[PDB]
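Accompanying notes for the structure given below.
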Amino acid sequence: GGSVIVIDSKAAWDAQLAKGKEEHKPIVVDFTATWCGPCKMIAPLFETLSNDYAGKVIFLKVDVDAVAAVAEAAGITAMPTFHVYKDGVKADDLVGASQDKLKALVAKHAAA
């Protein structure tokens, strides 16, 4: 259930996590924020992968600016911070923009 949308609430994160049918697929969350300039570009960049890897891969663009609690609990610091909760648990991570590495991880965890 590729919820390839942007979100700003813990409740909606939970909802998506569930309806996403996470069981066997990559929950790729981009914990990004508004104010952190580059973040605003990194989001639409990742949106490309979101569009492409539809249905299976869940691209959660989480607005850390809003969902501060989940972000700090998850362990976000240097936003944007990408985590891959494949199946239903943080299987891999990637900090910063790091587009190539992000692409590589999405590909890796998607083709699995």
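FYI, in this note's numbering the residues of the sequence shown are 1277 to 1388.
Positions of the beta carbon are idealized from the N, C-alpha and C atoms, including for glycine.
Query raised in the report: Do you know how far the Cα of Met1355 is from the Cα of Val1371?
Result: Spanning the two alpha carbons is a distance of roughly 7 Å.
Query raised in the report: Are any of the Cβ atoms in chain D nearer than 8 Å to that of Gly1372?
Result: Here chain D cannot be found, since the structure has a single protein chain.
Query raised in the report: Does DSSP classify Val1365 as helix, strand or coil?
Result: When DSSP states are grouped into helix, strand and coil, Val1365 belongs to the coil group.
Query raised in the report: First and last residue of the beta strand (DSSP E) that includes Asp1376?
Result: Unbroken run through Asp1376 is the alpha helix (DSSP H), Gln1375 to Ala1386; no beta strand (DSSP E).
Query raised in the report: Less than 8 Å separating the beta-carbons of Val1360 and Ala1349?
Result: Contact: no.
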